[PDB]
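Peer 1: As input, take entry-v7.json (JSON, C-alpha atoms (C1' of nucleotides)):
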```json
[["chain", "number", "residue", "atom", "x", "y", "z"],
["A", 56, "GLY", "CA", -11.42, 79.36, 85.27],
["A", 57, "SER", "CA", -13.06, 75.92, 85.25],
["A", 58, "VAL", "CA", -12.05, 73.51, 82.46],
["A", 59, "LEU", "CA", -14.05, 70.72, 80.76],
["A", 60, "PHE", "CA", -13.63, 67.19, 82.15],
["A", 61, "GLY", "CA", -15.80, 65.41, 79.62],
["A", 62, "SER", "CA", -19.25, 64.07, 78.95],
["A", 63, "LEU", "CA", -21.59, 61.29, 80.18],
["A", 64, "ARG", "CA", -25.17, 60.14, 79.56],
["A", 65, "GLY", "CA", -27.94, 59.31, 81.90],
["A", 66, "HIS", "CA", -31.67, 59.71, 82.31],
["A", 67, "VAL", "CA", -34.26, 61.95, 83.90],
["A", 68, "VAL", "CA", -37.03, 59.88, 85.50],
["A", 69, "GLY", "CA", -40.30, 60.50, 87.34],
["A", 70, "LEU", "CA", -41.59, 62.84, 84.58],
["A", 71, "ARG", "CA", -45.05, 61.54, 85.46],
["A", 72, "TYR", "CA", -45.10, 63.50, 88.77],
["A", 73, "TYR", "CA", -43.98, 66.95, 87.49],
["A", 74, "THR", "CA", -45.30, 69.53, 85.02],
["A", 75, "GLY", "CA", -42.13, 71.41, 84.02],
["A", 76, "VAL", "CA", -42.01, 71.56, 80.22],
["A", 77, "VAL", "CA", -38.80, 70.66, 78.37],
["A", 78, "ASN", "CA", -38.04, 71.09, 74.66],
["A", 79, "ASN", "CA", -35.54, 69.00, 72.68],
["A", 80, "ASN", "CA", -31.99, 70.43, 72.70],
["A", 81, "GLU", "CA", -32.80, 72.48, 75.81],
["A", 82, "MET", "CA", -30.57, 72.72, 78.86],
["A", 83, "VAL", "CA", -31.79, 71.59, 82.26],
["A", 84, "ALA", "CA", -30.46, 72.38, 85.73],
["A", 85, "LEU", "CA", -29.39, 69.74, 88.24],
["A", 86, "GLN", "CA", -30.03, 70.55, 91.90],
["A", 87, "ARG", "CA", -29.27, 68.38, 94.92],
["A", 88, "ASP", "CA", -32.27, 67.29, 96.96],
["A", 89, "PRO", "CA", -30.43, 66.27, 100.17],
["A", 90, "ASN", "CA", -33.50, 66.10, 102.46],
["A", 91, "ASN", "CA", -35.27, 63.66, 100.13],
["A", 92, "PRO", "CA", -36.64, 60.83, 102.35],
["A", 93, "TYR", "CA", -36.57, 58.38, 99.41],
["A", 94, "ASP", "CA", -32.92, 58.98, 98.49],
["A", 95, "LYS", "CA", -30.38, 61.09, 100.38],
["A", 96, "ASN", "CA", -28.36, 61.39, 97.14],
["A", 97, "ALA", "CA", -31.40, 62.73, 95.24],
["A", 98, "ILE", "CA", -30.77, 65.23, 92.43],
["A", 99, "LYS", "CA", -33.73, 67.14, 90.95],
["A", 100, "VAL", "CA", -33.88, 68.22, 87.31],
["A", 101, "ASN", "CA", -35.38, 71.63, 86.51],
["A", 102, "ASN", "CA", -36.12, 73.27, 83.16],
["A", 103, "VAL", "CA", -34.59, 76.61, 82.09],
["A", 104, "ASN", "CA", -37.37, 78.44, 83.95],
["A", 105, "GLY", "CA", -36.72, 76.58, 87.22],
["A", 106, "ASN", "CA", -39.76, 74.28, 86.96],
["A", 107, "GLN", "CA", -39.05, 70.71, 88.09],
["A", 108, "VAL", "CA", -39.02, 68.08, 85.33],
["A", 109, "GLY", "CA", -38.02, 65.07, 87.42],
["A", 110, "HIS", "CA", -35.00, 63.46, 89.08],
["A", 111, "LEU", "CA", -31.75, 61.87, 87.96],
["A", 112, "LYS", "CA", -32.08, 58.07, 87.89],
["A", 113, "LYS", "CA", -31.32, 56.63, 91.35],
["A", 114, "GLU", "CA", -28.06, 54.92, 90.30],
["A", 115, "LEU", "CA", -26.69, 58.02, 88.54],
["A", 116, "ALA", "CA", -27.50, 60.24, 91.54],
["A", 117, "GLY", "CA", -25.65, 57.69, 93.69],
["A", 118, "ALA", "CA", -22.56, 58.57, 91.63],
["A", 119, "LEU", "CA", -23.05, 62.33, 91.31],
["A", 120, "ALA", "CA", -24.15, 63.37, 94.82],
["A", 121, "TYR", "CA", -20.58, 63.17, 96.16],
["A", 122, "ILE", "CA", -19.31, 65.20, 93.20],
["A", 123, "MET", "CA", -21.89, 67.96, 93.71],
["A", 124, "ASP", "CA", -21.70, 68.00, 97.53],
["A", 125, "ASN", "CA", -17.89, 68.33, 97.45],
["A", 126, "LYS", "CA", -17.93, 70.95, 94.65],
["A", 127, "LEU", "CA", -15.63, 68.67, 92.64],
["A", 128, "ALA", "CA", -17.42, 69.56, 89.39],
["A", 129, "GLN", "CA", -20.25, 71.64, 87.98],
["A", 130, "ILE", "CA", -22.54, 69.40, 85.92],
["A", 131, "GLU", "CA", -24.30, 70.80, 82.86],
["A", 132, "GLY", "CA", -27.25, 68.90, 81.39],
["A", 133, "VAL", "CA", -28.87, 68.93, 77.94],
["A", 134, "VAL", "CA", -31.88, 66.86, 76.84],
["A", 135, "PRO", "CA", -30.98, 65.64, 73.30],
["A", 136, "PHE", "CA", -34.40, 64.18, 72.37],
["A", 137, "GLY", "CA", -37.58, 62.68, 73.85],
["A", 138, "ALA", "CA", -38.74, 65.86, 75.62],
["A", 139, "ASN", "CA", -42.27, 64.52, 75.10],
["A", 140, "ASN", "CA", -41.65, 61.09, 76.70],
["A", 141, "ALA", "CA", -44.07, 59.76, 79.34],
["A", 142, "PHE", "CA", -41.78, 58.51, 82.09],
["A", 143, "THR", "CA", -38.12, 59.10, 81.24],
["A", 144, "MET", "CA", -35.94, 61.27, 79.02],
["A", 145, "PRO", "CA", -32.24, 61.02, 78.04],
["A", 146, "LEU", "CA", -29.68, 63.43, 79.50],
["A", 147, "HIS", "CA", -26.35, 64.45, 77.97],
["A", 148, "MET", "CA", -24.16, 65.69, 80.83],
["A", 149, "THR", "CA", -20.86, 67.59, 80.81],
["A", 150, "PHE", "CA", -18.56, 68.01, 83.83],
["A", 151, "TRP", "CA", -16.53, 71.20, 84.37],
["A", 152, "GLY", "CA", -14.07, 72.11, 87.13],
["A", 153, "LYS", "CA", -10.46, 72.66, 88.21],
["A", 154, "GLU", "CA", -7.92, 70.42, 86.43],
["A", 155, "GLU", "CA", -6.75, 68.98, 89.78],
["A", 156, "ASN", "CA", -10.20, 67.53, 90.50],
["A", 157, "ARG", "CA", -10.64, 65.45, 87.32],
["A", 158, "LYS", "CA", -9.11, 62.25, 88.75],
["A", 159, "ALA", "CA", -11.38, 62.39, 91.82],
["A", 160, "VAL", "CA", -14.43, 62.90, 89.58],
["A", 161, "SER", "CA", -13.33, 60.16, 87.16],
["A", 162, "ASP", "CA", -12.85, 57.68, 90.02],
["A", 163, "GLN", "CA", -16.15, 58.55, 91.76],
["A", 164, "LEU", "CA", -17.94, 57.73, 88.49],
["A", 165, "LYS", "CA", -15.97, 54.49, 87.99],
["A", 166, "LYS", "CA", -16.84, 53.44, 91.56],
["A", 167, "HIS", "CA", -20.50, 53.48, 90.47],
["A", 168, "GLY", "CA", -20.01, 52.03, 86.97],
["A", 169, "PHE", "CA", -20.01, 55.26, 84.93],
["A", 170, "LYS", "CA", -17.24, 56.57, 82.66],
["A", 171, "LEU", "CA", -16.51, 60.03, 81.20],
["A", 172, "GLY", "CA", -17.03, 59.62, 77.44],
["B", 56, "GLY", "CA", -10.00, 24.36, 88.53],
["B", 57, "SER", "CA", -11.22, 27.64, 87.01],
["B", 58, "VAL", "CA", -13.20, 29.99, 89.29],
["B", 59, "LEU", "CA", -15.96, 32.50, 88.44],
["B", 60, "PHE", "CA", -14.89, 36.12, 87.85],
["B", 61, "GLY", "CA", -18.35, 37.57, 87.38],
["B", 62, "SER", "CA", -20.92, 38.56, 84.83],
["B", 63, "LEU", "CA", -21.45, 41.19, 82.07],
["B", 64, "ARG", "CA", -24.03, 41.98, 79.39],
["B", 65, "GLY", "CA", -23.69, 42.67, 75.75],
["B", 66, "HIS", "CA", -25.37, 41.96, 72.44],
["B", 67, "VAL", "CA", -25.28, 39.57, 69.52],
["B", 68, "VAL", "CA", -25.67, 41.46, 66.23],
["B", 69, "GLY", "CA", -25.90, 40.64, 62.52],
["B", 70, "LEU", "CA", -28.68, 38.07, 63.10],
["B", 71, "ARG", "CA", -29.98, 39.09, 59.67],
["B", 72, "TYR", "CA", -27.09, 37.30, 57.89],
["B", 73, "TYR", "CA", -27.22, 33.90, 59.70],
["B", 74, "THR", "CA", -29.77, 31.10, 60.10],
["B", 75, "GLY", "CA", -28.68, 29.46, 63.37],
["B", 76, "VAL", "CA", -31.75, 29.14, 65.60],
["B", 77, "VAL", "CA", -31.60, 30.23, 69.25],
["B", 78, "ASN", "CA", -34.22, 29.70, 71.96],
["B", 79, "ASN", "CA", -34.66, 31.91, 75.04],
["B", 80, "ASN", "CA", -32.56, 30.80, 78.04],
["B", 81, "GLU", "CA", -30.25, 28.85, 75.73],
["B", 82, "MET", "CA", -26.47, 28.94, 75.90],
["B", 83, "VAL", "CA", -24.42, 30.13, 72.94],
["B", 84, "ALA", "CA", -20.74, 29.62, 72.15],
["B", 85, "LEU", "CA", -18.31, 32.47, 71.51],
["B", 86, "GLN", "CA", -15.55, 31.77, 68.98],
["B", 87, "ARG", "CA", -12.83, 34.15, 67.83],
["B", 88, "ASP", "CA", -12.88, 35.06, 64.15],
["B", 89, "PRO", "CA", -9.29, 36.39, 63.84],
["B", 90, "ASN", "CA", -9.10, 36.40, 60.02],
["B", 91, "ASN", "CA", -12.23, 38.56, 59.72],
["B", 92, "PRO", "CA", -11.40, 41.36, 57.22],
["B", 93, "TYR", "CA", -14.01, 43.65, 58.79],
["B", 94, "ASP", "CA", -12.72, 43.34, 62.36],
["B", 95, "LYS", "CA", -9.55, 41.56, 63.52],
["B", 96, "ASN", "CA", -11.10, 41.29, 67.01],
["B", 97, "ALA", "CA", -14.23, 39.59, 65.61],
["B", 98, "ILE", "CA", -15.99, 37.03, 67.81],
["B", 99, "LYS", "CA", -18.68, 34.79, 66.28],
["B", 100, "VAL", "CA", -21.69, 33.54, 68.23],
["B", 101, "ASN", "CA", -22.87, 29.97, 67.60],
["B", 102, "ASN", "CA", -25.91, 28.11, 68.93],
["B", 103, "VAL", "CA", -25.66, 24.88, 70.95],
["B", 104, "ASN", "CA", -25.49, 22.89, 67.69],
["B", 105, "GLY", "CA", -22.59, 24.95, 66.33],
["B", 106, "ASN", "CA", -24.68, 26.97, 63.84],
["B", 107, "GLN", "CA", -23.67, 30.63, 63.63],
["B", 108, "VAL", "CA", -26.18, 33.12, 65.06],
["B", 109, "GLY", "CA", -24.16, 36.30, 64.59],
["B", 110, "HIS", "CA", -21.26, 38.25, 66.09],
["B", 111, "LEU", "CA", -20.54, 40.07, 69.33],
["B", 112, "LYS", "CA", -21.12, 43.81, 68.92],
["B", 113, "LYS", "CA", -17.96, 45.48, 67.56],
["B", 114, "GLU", "CA", -17.19, 47.43, 70.77],
["B", 115, "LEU", "CA", -17.61, 44.38, 73.02],
["B", 116, "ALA", "CA", -15.37, 42.24, 70.79],
["B", 117, "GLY", "CA", -12.80, 45.05, 71.00],
["B", 118, "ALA", "CA", -12.72, 44.35, 74.75],
["B", 119, "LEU", "CA", -12.92, 40.55, 74.71],
["B", 120, "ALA", "CA", -10.52, 39.59, 71.89],
["B", 121, "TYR", "CA", -7.46, 40.17, 74.09],
["B", 122, "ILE", "CA", -9.03, 38.12, 76.89],
["B", 123, "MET", "CA", -9.79, 35.17, 74.60],
["B", 124, "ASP", "CA", -6.52, 35.33, 72.64],
["B", 125, "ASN", "CA", -4.45, 35.33, 75.85],
["B", 126, "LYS", "CA", -6.56, 32.59, 77.51],
["B", 127, "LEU", "CA", -7.16, 34.97, 80.42],
["B", 128, "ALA", "CA", -10.76, 33.77, 80.79],
["B", 129, "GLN", "CA", -13.31, 31.38, 79.33],
["B", 130, "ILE", "CA", -16.48, 33.31, 78.47],
["B", 131, "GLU", "CA", -19.86, 31.61, 78.78],
["B", 132, "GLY", "CA", -22.88, 33.17, 77.06],
["B", 133, "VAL", "CA", -26.63, 32.82, 77.64],
["B", 134, "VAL", "CA", -29.39, 34.56, 75.66],
["B", 135, "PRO", "CA", -31.94, 35.69, 78.32],
["B", 136, "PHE", "CA", -34.73, 36.79, 75.92],
["B", 137, "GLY", "CA", -35.39, 38.07, 72.39],
["B", 138, "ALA", "CA", -34.28, 34.88, 70.60],
["B", 139, "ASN", "CA", -36.77, 35.88, 67.90],
["B", 140, "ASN", "CA", -35.42, 39.43, 67.35],
["B", 141, "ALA", "CA", -34.67, 40.66, 63.82],
["B", 142, "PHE", "CA", -31.24, 42.24, 64.13],
["B", 143, "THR", "CA", -29.87, 41.94, 67.66],
["B", 144, "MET", "CA", -30.32, 39.86, 70.81],
["B", 145, "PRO", "CA", -29.11, 40.40, 74.41],
["B", 146, "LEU", "CA", -26.27, 38.30, 75.84],
["B", 147, "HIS", "CA", -25.62, 37.51, 79.49],
["B", 148, "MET", "CA", -21.93, 36.61, 79.78],
["B", 149, "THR", "CA", -19.96, 35.01, 82.62],
["B", 150, "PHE", "CA", -16.15, 34.94, 82.86],
["B", 151, "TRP", "CA", -14.29, 31.98, 84.40],
["B", 152, "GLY", "CA", -10.56, 31.42, 84.95],
["B", 153, "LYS", "CA", -7.62, 31.25, 87.37],
["B", 154, "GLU", "CA", -7.90, 33.62, 90.36],
["B", 155, "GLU", "CA", -4.61, 35.31, 89.40],
["B", 156, "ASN", "CA", -6.05, 36.48, 86.06],
["B", 157, "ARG", "CA", -9.11, 38.36, 87.37],
["B", 158, "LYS", "CA", -7.37, 41.75, 87.69],
["B", 159, "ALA", "CA", -6.05, 41.55, 84.10],
["B", 160, "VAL", "CA", -9.55, 40.67, 82.84],
["B", 161, "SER", "CA", -11.20, 43.37, 84.98],
["B", 162, "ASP", "CA", -8.78, 46.02, 83.66],
["B", 163, "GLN", "CA", -9.08, 44.95, 80.00],
["B", 164, "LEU", "CA", -12.85, 45.45, 80.29],
["B", 165, "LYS", "CA", -12.48, 48.83, 82.05],
["B", 166, "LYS", "CA", -10.09, 49.96, 79.30],
["B", 167, "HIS", "CA", -13.00, 49.54, 76.87],
["B", 168, "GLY", "CA", -15.76, 50.86, 79.16],
["B", 169, "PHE", "CA", -17.17, 47.55, 80.44],
["B", 170, "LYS", "CA", -17.40, 46.38, 84.07],
["B", 171, "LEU", "CA", -17.90, 42.94, 85.65],
["B", 172, "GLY", "CA", -21.35, 43.12, 87.29],
["C", 1, "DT", "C1'", -46.44, 37.34, 79.08],
["C", 2, "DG", "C1'", -47.95, 40.79, 76.03],
["C", 3, "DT", "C1'", -47.65, 45.56, 75.29],
["C", 4, "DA", "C1'", -46.84, 50.48, 75.98],
["C", 5, "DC", "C1'", -42.96, 52.84, 75.86],
["C", 6, "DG", "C1'", -38.29, 54.70, 74.25],
["C", 7, "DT", "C1'", -35.33, 55.39, 70.55],
["C", 8, "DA", "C1'", -32.03, 53.66, 66.87],
["C", 9, "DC", "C1'", -32.28, 53.92, 62.47],
["C", 10, "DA", "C1'", -29.69, 47.28, 62.18],
["C", 11, "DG", "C1'", -22.38, 42.60, 61.68],
["C", 12, "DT", "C1'", -18.28, 41.28, 61.79],
["D", 1, "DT", "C1'", -38.20, 62.74, 60.93],
["D", 2, "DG", "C1'", -41.25, 59.03, 61.54],
["D", 3, "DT", "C1'", -41.28, 54.28, 62.43],
["D", 4, "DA", "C1'", -39.81, 49.48, 62.95],
["D", 5, "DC", "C1'", -37.56, 47.48, 66.34],
["D", 6, "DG", "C1'", -36.16, 45.96, 71.20],
["D", 7, "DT", "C1'", -37.53, 45.37, 75.75],
["D", 8, "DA", "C1'", -38.92, 47.21, 80.45],
["D", 9, "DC", "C1'", -42.69, 46.72, 82.71],
["D", 10, "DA", "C1'", -42.08, 53.54, 84.70],
["D", 11, "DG", "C1'", -38.88, 58.83, 90.82],
["D", 12, "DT", "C1'", -36.65, 60.51, 94.09]]
```
Since I need it in another form, could you write the structure as structure tokens?

Peer 2:
Amino acid sequence: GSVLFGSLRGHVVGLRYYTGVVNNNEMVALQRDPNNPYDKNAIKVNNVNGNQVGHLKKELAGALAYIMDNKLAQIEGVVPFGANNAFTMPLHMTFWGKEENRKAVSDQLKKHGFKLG
Amino acid sequence: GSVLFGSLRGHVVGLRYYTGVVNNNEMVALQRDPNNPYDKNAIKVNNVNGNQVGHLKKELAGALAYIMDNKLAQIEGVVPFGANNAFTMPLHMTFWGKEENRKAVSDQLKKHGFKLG
DNA sequence: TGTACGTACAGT
DNA sequence: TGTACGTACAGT
């Protein structure tokens, strides 16, 4: 069905406000938070059990919201290290979808200063 | 004459091998090192007195060599902080040139994963 | 600024 | 991995 588009890093932030435990090398789920009064483009980050860990960094969510809202790609997330950080942790992301959507995803990331590695 | 194209960060590396002193907020000069056997795209970084400080990071020089070699832009460099680092220091760069060359510079940076901020 | 934090692990 | 290093200074 869906094919791989590529990979990208970013960060989970606001760890200080949530209690959802993450382990190194563990997947996390990205879920849009459209009614967030602080950022309309907000994207929450949950652990494998559905417990919130934090949010995607503001700038990254600025890029990704359009992709998620328009079902242009499914975004997988893995935390490579620093599961025990205080404030922030790194996020390895992979984008999957229909071949015909790759350009639109690639451009939406470029428009915000991100590039599919 | 020349007009501003914009700004970009990178890093000076290999500080360990040179003795050229830099102070915070001081300009540095970029000079191509074309006969470098380790990297053909090498770009040296000198202090205001002409003493070598280090090199542009490999990836960044990969982007910039073409720009410098083809006189597409003049690149100014300022070290914002960390003049007393051990191995690496940050570099705020600004690109100046003829209006008609901006696109070519912008694209050459994109091709290597850099963007004019 | 100094320091508490994040993370690379040290040219070209 | 732990740690020596670089640098942000701590959601959305």

Peer 1: Could you give me, as a Markdown table, every chain C residue with an atom at most 12 Å from stretch 127-138 of chain A, plus its closest atom pair and distance in Å to one decimal, counting all atoms listed in the file, rows ordered by chain then number?

Peer 2:
```
| residue | atom | partner | partner_atom | distance |
| --- | --- | --- | --- | --- |
| C:5 | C1' | A:137 | CA | 11.4 |
| C:6 | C1' | A:137 | CA | 8.0 |
| C:7 | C1' | A:137 | CA | 8.3 |
```

Peer 1: Please identify every residue of chain B that has at least one atom no more than 6 Å from any atom of chain C, counting only C-alpha atoms (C1' of nucleotides), and report them as an NGL selection string.

Peer 2: :B and (68-69 or 93-94 or 97 or 142)

Peer 1: Please identify all residues of chain B having at least one atom at most 10 Å from any atom of chain A, considering all atoms listed in the file, and return them as a ChimeraX atom specification.

Peer 2: /B:165,168-172

Peer 1: Please report the interatomic distance between atom CA of residue A:106 and atom CA of residue A:81 in Å with one decimal.

Peer 2: 13.3 Å

Peer 1: Which one of B:96, B:74, B:80, B:86 sits closest to residue B:145 if you count all atoms listed in the file?

Peer 2: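 Counting all atoms listed in the file, the residue closest to residue B:145 is B:80.
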
Peer 1: Determine the axis-aligned bounding box of all atoms of stretch 125-138 of chain A present in the file, pad each side by 6 Å, and express its centre and edge lengths in Å to one decimal place as AutoDock Vina command-line options.

Peer 2:
```
--center_x -27.2 --center_y 67.2 --center_z 84.9 --size_x 35.1 --size_y 21.0 --size_z 37.1
```

Peer 1: For atom CA of residue B:58 and atom CA of residue B:87, determine how far apart the two atoms are, in Å to one decimal place.

Peer 2: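 For atom CA of residue B:58 relative to atom CA of residue B:87, the distance reads 21.9 Å.
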
Peer 1: Could you tell me how far atom CA of residue B:146 sits from atom CA of residue A:117, in Å to one decimal place?

Peer 2: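 Value for the atom CA of residue A:117-atom CA of residue B:146 distance: 26.4 Å.
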
Peer 1: Mind listing whatever residues come within 8 Å of the point (-38.1, 61.8, 88.7)? Use only C-alpha atoms (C1' of nucleotides), file coordinates, and give them as a CSV table (one decimal) with C-alpha atoms (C1' of nucleotides), keeping the file's coordinate frame.

Peer 2:
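Contents of the output file selection_30.csv:
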```csv
chain,number,residue,atom,x,y,z
A,67,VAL,CA,-34.3,62.0,83.9
A,68,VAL,CA,-37.0,59.9,85.5
A,69,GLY,CA,-40.3,60.5,87.3
A,70,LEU,CA,-41.6,62.8,84.6
A,71,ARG,CA,-45.0,61.5,85.5
A,72,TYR,CA,-45.1,63.5,88.8
A,73,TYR,CA,-44.0,67.0,87.5
A,99,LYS,CA,-33.7,67.1,91.0
A,100,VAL,CA,-33.9,68.2,87.3
A,108,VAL,CA,-39.0,68.1,85.3
A,109,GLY,CA,-38.0,65.1,87.4
A,110,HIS,CA,-35.0,63.5,89.1
A,111,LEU,CA,-31.8,61.9,88.0
A,112,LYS,CA,-32.1,58.1,87.9
A,143,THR,CA,-38.1,59.1,81.2
D,11,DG,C1',-38.9,58.8,90.8
D,12,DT,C1',-36.6,60.5,94.1
```

Peer 1: Give as a list in words each residue that has an atom at most 8 Å from (-24.7, 40.8, 81.9) in the file, counting only C-alpha atoms (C1' of nucleotides).

Peer 2: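 Every residue inside that radius is included here: residues 62, 63, 64, 65, 146, 147, 148, 149 and 172 of chain B.
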